[PDB]
Each structure stands twice: as C-alpha cells, then as structure tokens.
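Shown below, as structure tokens, is a lone chain in the form deposited in one PDB entry; questions about how it binds or moves come after it.
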C-alpha cells in the first residue's frame, strides 16, 4: 500500500481527539473515552486503492506556536475541525488556522469538518447558546466558510453516534491521493 499522512487541526473544543479515537478503535469506547490520542496507521481501501493512512492530532499544541508546526512535515491531507455547538470555533478558522496551514502545508488539501452534528437538535445546547445570542452552526455557514478558505470540501460528522465518520476518512484518503 502507499503511505499517506493525515493531521487534524482546530480549537481545543472542536472534538478532534474524539473523532480520531472513534475512527481508529474498532469497538466503540463505551467504558472510557481516552483523554489523548498517540498515533494510528489506518488500513483503508478507497475506490479500489489500498492506502496506509497515518493519523495525527495537534491537541495540546494550541498554545505552543513553535512546537505545533513540528506536527506538519510531509502532511498529505489536513482535516480542519470546528464544533457545530461552538460558532466561536468556526470564527477562528479563516484568520488563525487557515493562514498557518497554508504557510506550513502549501498545496495540501484541506477538508473543513463540522464535528458534533448531533448537538444541532440538542435542547441543552440550543438553550446555552441562546443566552449568548447564538445558535448551533447551520450547514450553509459551514459550506460558505469551506468555500471562502479554499477548502477541498465540507463534511459533517458525529463522533458520538459514528454518523459520517467513515465517509470523512475515506474522503481524506481520496484527497491525499490527488
């Protein structure tokens, strides 16, 4: 198989660690959700092509601007993550995460991913956001942001229900192959 490297970026509250754990584990973590993700090499077959996809997380590196870029060398695909229950995490995408990724990973495809999509119809989420004059991120706000930053595409998933998780990693493999 060909070897490809994937790195997930985004704010601390974006759910990137949970997404990497749920995809890589095999059995859903019903007893304990790990605090951290080390690495993983996924065996993926997409559109007839076999790929070894190495997975990396940047969680913990958000406040260390000189340690963080060490995660970027030879990346083939970037997953740029935001949380649908956090419109503030979406607002940090165009002027913080996008310029850094375009600087250290020129010409590398970026997939903008809206995590925690299950919280779009959660009552506690909608009530808490209404207090700060906010609402869960709408699909069209996600698509317009992806379009604006020059993303390869826009995708949504729920690490909690597993919905959309397989499709994100299969699409990331196709992006890495182009």
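Here, rigid core means the biggest group of C-alpha atoms that superpose within 1.5 Å across both forms. Only residues modelled in both forms are compared. Numbering follows the first chain given and starts at 1.
Omitted from view is the form solved in complex with a small molecule, to which the following refers.
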Quiz prompt | Proximity of residue 26 to the small molecule in the entry with it bound, heavy atoms at 4.5 Å | solution = yes
Practice problem: Indicate whether residue 43 is a 4.5 Å heavy atom neighbour of the small molecule in the entry with it bound. | Solution: yes
Practice problem: Find out whether any non-hydrogen atom of residue 165 is located within 4.5 angstroms of the small molecule in the entry with it bound, and reply yes or no. | Solution: yes
Practice problem: Indicate whether the small molecule has at least one heavy atom within 4.5 Å of a heavy atom of residue 22 in the entry with it bound. | Solution: yes
Quiz prompt | Sole residue of 43, 65, 38, 26 shifting 2 angstroms or more in CA between this form and the one not shown, core aligned | solution = 26
Quiz item: After superposition on the rigid core, which segments of 3 or more consecutive residues show C-alpha displacements of 2 Å or more between this form and the one not shown?
Solution: 26-28
